[PDB]
Every structure is written in C-alpha cells, then in structure tokens.
Amino acid sequence: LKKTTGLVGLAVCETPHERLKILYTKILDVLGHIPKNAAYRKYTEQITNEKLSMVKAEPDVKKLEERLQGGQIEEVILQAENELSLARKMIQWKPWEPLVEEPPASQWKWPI
Amino acid sequence: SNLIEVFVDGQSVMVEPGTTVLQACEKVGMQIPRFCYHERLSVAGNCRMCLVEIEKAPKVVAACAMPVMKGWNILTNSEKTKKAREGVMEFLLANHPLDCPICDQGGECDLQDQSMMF
Amino acid sequence: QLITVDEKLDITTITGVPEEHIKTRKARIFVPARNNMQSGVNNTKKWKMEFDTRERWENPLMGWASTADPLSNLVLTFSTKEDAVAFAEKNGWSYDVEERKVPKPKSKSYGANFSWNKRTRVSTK
Amino acid sequence: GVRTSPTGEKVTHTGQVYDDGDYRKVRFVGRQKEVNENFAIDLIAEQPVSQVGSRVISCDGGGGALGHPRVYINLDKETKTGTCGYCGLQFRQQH
Amino acid sequence: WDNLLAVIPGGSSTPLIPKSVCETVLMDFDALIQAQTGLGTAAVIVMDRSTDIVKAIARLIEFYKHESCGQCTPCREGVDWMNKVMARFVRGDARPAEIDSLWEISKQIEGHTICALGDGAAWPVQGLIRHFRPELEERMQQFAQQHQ
Amino acid sequence: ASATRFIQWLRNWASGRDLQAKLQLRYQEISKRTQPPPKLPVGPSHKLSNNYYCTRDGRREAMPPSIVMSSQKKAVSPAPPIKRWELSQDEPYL
Ligand code: SF4
Ligand code: FES
Ligand SMILES: [Zn+2]
C-alpha cells in the first residue's frame, strides 16, 4: 500500500478495487433510469463498462493505474464519484430533450 | 427579363447586358482595386490595377472596362489575380517619391491603402 | 416559469446616466458617408449612432480643446437601422434617423469614348 | 529673429506673443517666457545653394540612415532653386 | 556560319535564338513558336560572335523605352525599369540575384498591358536570359573583381 | 576585491562558502561600455525573386471558424489523456 497519494486532501484508499467495483456498478444502475436512446446513457455506459473491465482484469494496483490512465487510483475513485453525482443530476435535468429555444436571428454572428 | 447570369467566385449574380466585370463584383459586395476608374468619369483602363482572372481564361481582363459575358466566373481572389495586383502596385511605387510624412494625402491615400491591402 | 411584461423596454433609471444626458441629447442614426478623398467603400457598411456636438473651448494654460460633454466621443456601431433605433428607444434618447445612401447603378461603356456621332466621344486619352 | 513686442515680450518663431491687455502674460511675472533663440527659418536660409550638373538630384539630409527619407528633386526650372521638402537644402543646375 | 552567335528571326519583339536552334529551325509561324520565339515580321537580324549580345539587347530595350506611349502602368514604369537594369547588366554592375528579378519583372509586364508593345519589350529580355545567362553572370563576376 | 587576507578568511569562514570566487559586486569581468558596431542579419523574405507576398501572407490564410453543429459510436475526449510525468534524474528529491 502506498504511503500517500501525493495530493493534499486525497487520502489513500485501503481497498481500491472493491471501491471501484461498487462505484461503477452504482453508476450503471443510475444510468438504467435514463431513456435508452439518450446519448448520455449510451456513452457513459460504454466508458463505465470499459473501466470496470480493467478493474476486474488487473489485480495489481500499480498496473491498474497504468491501464485506466487516469492518475492515482484515488483520483480514479474520486472521478467515479463525480460521474455518479452527475448521472443523478442528469435525470432531473433531462438534457436529452430537444433544444429549449432557438437563439435570436443573429445572436452568434461575429463580426457584426 | 434580359438579365444574363455571371458568377463571382462561384456565386451567381444576374446583371444587365453591358455591365462590366467590376460592376458585377460590386453586386456581391466586393470592391475591385482601382486607380484610374471612377464611376462618374468615362472609362480609361490605363492604371491596370483592376486586372482580374476569368476562370479558364489565360489572360486577365481589366475589370473596369470589360463587359461581362454569360457564364463567366470572375476569380477575384485567385493566385493569378493577386499576383497581377502585386506587379501593378510594384510598378506604381517604383518612381513614386518617399513623401508620405510631408504629403497631405497621408492617412487617406488610396495608394497607401491599396499597397497595404493588395 | 415566465411572466408577461407588457411595457416598452425602458432602462434609463438603471443605467446610471445623469438626467441631463438622457433628455437633452439628440442621437443621430446614420450610415457614414464615404470619405470622398478615397474610393474605398468599406467604412460605409455599418450603421453608426452619435450624439449632438457641444461646446469645446480653449484651455487657458496650454490652449488645448477642453470639453464638459461626457458623450463627445461616444460612437456606437450597429448592424441595421432597426438595431440602432431599438437601442435608442430603450435608453431614452431622442434620435433622428437618416436613410442609407447607396450609389446609383451606372451604365459604363468603354466604347462610348469613340462615338461616331455622340458627344460622349473623348478628345484625349 | 527674436523681436520684442512693444510691451517688451519676446516674439517666438511661431509669431506668438500676448497682446496688450491679455491677462495671460501675468504667468511670466517674476519668472520668464521660454523662447528658443535659434530660428530654423533663419538658419536654413544661411546654407549656400549647391551647384549640380544634372537635371535630377537626390537628398537624404546627410548622414545616410541618420537623415530623412531619400527624395529626388527636379531642377528643370531655371527661375528658382530646387528645395528639399524634408530639410530645406537648395539645389541648382550647373548650366 | 560557325561565327554565328544568335539570330532574331522576326524583328526586335521576337526573342533571339542561339546558333544551335538556327541550325534546323524553319521560318514560319508554328516552327518558330516551337523554338520559343516567333515569325513576327520575318526581319532576320543576324549577330556574329564579335557581337556584345547583352549590349545588343539592351539597345533594344532602350528602343522600347523610347517608344512606349506611357498610357498604361506596366509598360510606362516597367519598360523604363527594365532599361535601367539592362544598362547595368551591360557593365556587370549588378548581382546574379538580379537576373531572376529581371525575369520576374518582365513577366509582370507581359500580358498585363493595354497593347502588345509591353509584351514586345519583355520577350527580348526573356530570350537573352533564357539563352545567355552565363554571359550575364560572367560579366557580373568580371565587374566584381575589378572593383576589389 | 580589496579586502585583506584576514577579513577574507573571516567572512569566508562565517558564511561557510568561498565568497571571493563568486563576488556579488562586478569588476572587470563585465563587457566594455563601448562596443563595435553590429551588422544584423536579414530575414527570409529579403529576396529579389520567388518572393510574392501572396505566397507568404499569414493573415489572409486565417479562416472563419468551422461550424461543427448549428441549431439552425465510440465516446471521445477533447484530447488523449495526459501522459504521466516522470521523476527527474537530475535530482528527484530536493
Ligand atoms: S503597353 Fe502599349 S498602351 Fe501600355 S504604355 Fe506601352 S505602348 Fe502604351
Ligand atoms: S481601374 Fe485602372 S485599369 Fe481598371
Ligand atoms: Zn533633404
């Protein structure tokens, strides 16, 4: 086990593989409540499964960080927490719905 | 009725017969470089600063004096057009005096401004 | 949720502009005339808003041109006449609008210089 | 040259001088009015005209890249000299 | 014949041609176009090896400079510009980098003027540069050494 | 530079360094205040031919932005993940 993650305020995780399986599984369950054809569901399920496959395949924490390519394993866990929080918020926002409103005629015309 | 179709950089524009190449370009918002041409004077065609390439035509035409023809595509930003302007500007500045600091035209001079742009 | 506000937009009390420089001023909405010293037409493309000219006097010390008019240099650019008018309405300024002056299309003919029987024939090239 | 107005105030090379009754001359009381005494109009007129044997001559002000932009002067008129529009040196054609 | 240096086959406007081309070239419009010249008026000006080829062409540019009507910019200013450069090439008072500059200048005159006089003043220069570049570069080298 | 031997030893001992070899006051090792004139080089555009400005005009090659989507498959990231940094062989630990 590492002595430190090197980032102030990010504590070393005793059981990183177990924590990552729990978080990715929670993300996938939350994604199951998003509409099937929503792009957020399709892309996030795709990337979440890929990371989950690496977590199962590779038991060595040093080697797992090499595959995931997302920093320290504690940075990966934090990112999975962030994604899980985002998924819950996306359900209430529902950004897969059509555009709320077109902008005025030349709102984005530069130069004027 | 009698409008003929020409193209400016591939954009179609309908003009009356007798419209010049220079006037056809104005209808799409482009201003051809000029010195001798003035819309209220008779056409001269001597400065040669308005030379412009007609697509698939070997020779550049004086846009101010050349009537357009049906189907012509006027390449107003072509490599041939741009190199014609550079040559003409170079001849204009060969004998011109280094006077801009003492010349009243400085700052509102078409020679200065078209040298900068073309 | 949205609300219905059935008034003309008016922001003069939330712009910070002093009373004097809202109702005594006269904005002019126009397209600038081509500088007749040059043939380029690129400065005649946009609409401008400018205010009425006020006094400029000579500084006693150096003779510089002094001003008490905060809007002397204020010039605004607009894409269309409607945009300029809408900006003046909501700011409370009295304005005068002037139609854009586009040059007339001319009939040009190089061959007219050599007419057999017309006066357009030139005597020199 | 530096004249003195009837009041006694020096006239500058731009012709400036406060007239009588102009209060602004109070600013020089107990002090002085800064006037450059080397009038360029007088100094340039002391340079002799240069005789050259050609219709056209060039002037850069002297000193190469330390002078002014190089201009070419026409000397065809014999009723006058050719003057440099930058430095005011005069040229005349030698017969 | 072995003394032949160059021939102008159709008046001053047509580019010169060296002796080798003159060995077999036929005198007609199409054949002389293939030899990168032209029939022109069919005035054959013959120059032998005692000729100063650079000076001979330079006098031709001086002719066109004296004849340009002055109406249009590329010939009014360009031909006179070429005349000054050619005059310097006669003495070698120039650098080799100016040869390709002279070639570029003539191409700016050619095809950009009102009439064909501008073309007629650019072709003689192109013919000289095309066939006698070593003569030009050899005169510049000679001038440079006498001025050290 | 004018300090005596004893003072040089005293202040060298006090600081723990050899101060005389790296004096903070400048003496004769600095450049002369009169220098020979330069002759600066010229840039690549100083050519008499093959130098048409239209072929070396950076401003006129700038284009308006490319519209990807206007309101008129594998997931992606803005770029590949950043490669991890390596410890200095020069001195990993200060
Ligand atoms: S090219 Fe023809 S029209 Fe133009 S200046 Fe020369 S002679 Fe005159
Ligand atoms: S504007 Fe002068 S040739 Fe056309
Ligand atoms: Zn001068």
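In each ligand, atom 1 is the first atom listed, and ligand 1 is the first ligand listed. Side chains are part of it too, since the values below use all heavy atoms of this structure and drop only hydrogens, waters and symmetry mates. Chain identifiers are assigned alphabetically (A, B, ...) following the order of the sequence lines, protein sequences preceding nucleic acid strands; residue numbering begins at 1 within each chain.
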*Heavy atom of the protein closest to atom 7 (S) of ligand 1 (residue, atom name, distance)*: E:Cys69 N, 3.5 Å
*Would you check if atom 6 (Fe) of ligand 1 lies under 2.8 Å from any N, O or S atom of E:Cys115?*
no
*Judged by modelled atom types alone, do E:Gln71 and B:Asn46 share a side-chain donor-acceptor pair under 3.5 Å?*
no
*Can you tell me if B:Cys50 has an N, O or S atom under 2.8 Å away from atom 2 (Fe) of ligand 2?*
no
*asked:* So if I count the atoms of ligand 2 from 1 in the order they appear, which ones are less than 4.0 Å from some heavy atom of B:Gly45?
replied: 3 (S)
*Taking only heavy atoms of B:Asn46 into account, list the atoms of ligand 2 that are under 4.0 Å away from them.*
3 (S)
*asked:* Between the side chains of F:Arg60 and F:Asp57, is the shortest nitrogen-to-carboxylate-oxygen separation below 4.0 Å, so that they form an ion pair?
replied: yes
*Who's the nearest protein heavy-atom neighbour of atom 4 (Fe) of ligand 1, and how far?*
E:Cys72 SG, 2.3 Å
*How far is atom 6 (Fe) of ligand 1 from its nearest protein heavy atom, and which residue and atom is that?*
E:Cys75 SG, 2.2 Å
*When you look at NZ of C:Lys106, are more than 12 heavy atoms from neighbouring residues, nucleotides or ligands closer to it than 6.0 Å?*
yes
*Run the numbers for me: atoms of ligand 2, each under 4.0 Å from some heavy atom of B:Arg48, listed by number.*
2 (Fe), 3 (S)
_Atom indices of ligand 2 within 4.0 angstrom of B:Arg34 heavy atoms, with elements_ = 1 (S)
*Which of the ligand 1 atoms, numbered from 1, are nearer than 4.0 Å to a heavy atom of E:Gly118*: 1 (S)
*asked:* When you measure from atom 4 (Fe) of ligand 2 to the N, O or S atoms of B:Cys64, does any of those distances fall below 2.8 Å?
replied: yes
*With heavy atoms only and a cut-off of under 4.0 Å, state how B:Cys36 meets ligand 2: side chain, backbone, both or neither.*
both
_Between E:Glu104 and F:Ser49: side-chain donor-acceptor atoms closer than 3.5 Å_ = no
